[PDB]
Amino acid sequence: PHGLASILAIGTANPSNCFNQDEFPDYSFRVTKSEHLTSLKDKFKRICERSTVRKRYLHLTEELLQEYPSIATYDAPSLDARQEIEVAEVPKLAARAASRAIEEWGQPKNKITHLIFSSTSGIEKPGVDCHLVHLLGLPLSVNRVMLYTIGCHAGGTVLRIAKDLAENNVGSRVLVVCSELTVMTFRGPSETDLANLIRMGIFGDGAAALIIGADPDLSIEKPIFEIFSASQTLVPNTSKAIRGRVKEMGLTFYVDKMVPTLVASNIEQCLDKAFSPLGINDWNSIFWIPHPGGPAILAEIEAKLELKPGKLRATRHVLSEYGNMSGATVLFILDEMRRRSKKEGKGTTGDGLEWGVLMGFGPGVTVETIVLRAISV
């Protein structure tokens, strides 16, 4: 097909339980049996206050922890329980989000040709991609790409793959789903893992689905963004800075305190590589979808790139209303951009600007850099 891979619809969905951050220190420390650890609870209240996360949607309730209390421990054998939960619930959320995106797109499911589905959780054979196929009533001929445990930069990875799948198959339509649940990473507090104090402060659950096609039939399909280009890179000698392993106790989690400066330190190179071909120099001339790994990552990006006060508005708002949902996060922000752009009557779906950048930062440390082009409203 002639033209670029285009985002035609976006749907999101979250677990039905909402957790106010003001009240989370009390909750989390109550269900894990850690409320006598007042030193560490205070430390966590500080982390939550400066998190800038106001709500998160979490599938782990107190109910599940009473049924699976191994999960409410730190260290105990718990994978089997987490697995029972996630191989079930990771696809259900995905179906909710995919449903809403397919309804927005508006065409019959007949026409979806490929499914790319990224998840940290529920590693099983057949994969959760298969479960989704059955739950939605997708064509059995759907070409699947199952990406387990990517994870926090996965939002970029899926668009990068979707570009080539949609653009090398005329008439193909790719269903993309990032479905992230924190069931696999949750564990009790300890002064022996501050990275999980951070984690259980910032990370929330959520699923985002989107339909990509090239050469959209403008009779019936409304492109939202075009995927101009997609690059990935490894930040040299930064393995072990963002870490996690599937173990008996669940998914372990480590983030170095240097990750914010690492990303800020390395971002200009990626952004230069991606944008010299367009002869674009001024980083305030493009709209922004940076992964909000936390408020410090965004602070350092602003500082380094000399960004105006408005740039990260959409990203920030998603972080506060939802938290950090790993791969899905940047996709949520896409939705926040196109909607905010419309509710504020901008010239384009990308905050009135023509070009945008979307970045995922994750293990590697990896930077996924994708150039988007906004569509005229």
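We number the residues from 1 along the sequence you see.
*Asks:* Which is higher on average in the deposited entry, the C-alpha temperature factors of 242-250 or of 279-287?
*Replies:* Taking the mean B-factor of the alpha carbons in each, 279-287 is higher.
*Asks:* Looking only at CA atoms, which has the higher mean B factor in the entry: 319-327 or 339-347?
*Replies:* Mean C-alpha B-factor is greater for 339-347.
*Asks:* Out of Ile202, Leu115, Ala209, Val170, which shows the largest CA B-factor listed in the entry?
*Replies:* Max CA B-factor in the entry, restricted to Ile202, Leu115, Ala209, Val170: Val170.
*Asks:* In terms of recorded Cα temperature factor, pick the maximum from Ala274, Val174, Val177, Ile123.
*Replies:* Out of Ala274, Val174, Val177, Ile123, the record gives the largest C-alpha B-factor to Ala274.
*Asks:* Is the Cα B-factor recorded for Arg96 in the lowest, middle or highest third of its chain?
*Replies:* Highest third - that is where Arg96 ends up once the chain's C-alpha B-factors are sorted.
*Asks:* Name the third of the chain's ranked CA B-factors that contains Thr32, choosing lowest, middle or highest.
*Replies:* Ranked within chain, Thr32 CA B lands in the highest tercile.
*Asks:* How does the C-alpha B factor of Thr61 compare with the rest of the chain: lowest, middle or highest third?
*Replies:* As the PDB entry reports it, the C-alpha B-factor of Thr61 lands in the lowest third of its chain.
*Asks:* Considering only modelled residues of the same chain, in which third does the CA B-factor of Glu268 rank: lowest, middle or highest?
*Replies:* For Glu268, the deposited C-alpha B-factor lands in the highest third.
*Asks:* Considering every modelled residue of the chain and its Cα B-factor in the PDB entry, is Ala13 in the lowest, middle or highest third?
*Replies:* Its C-alpha B-factor belongs to the highest third of this chain's values.
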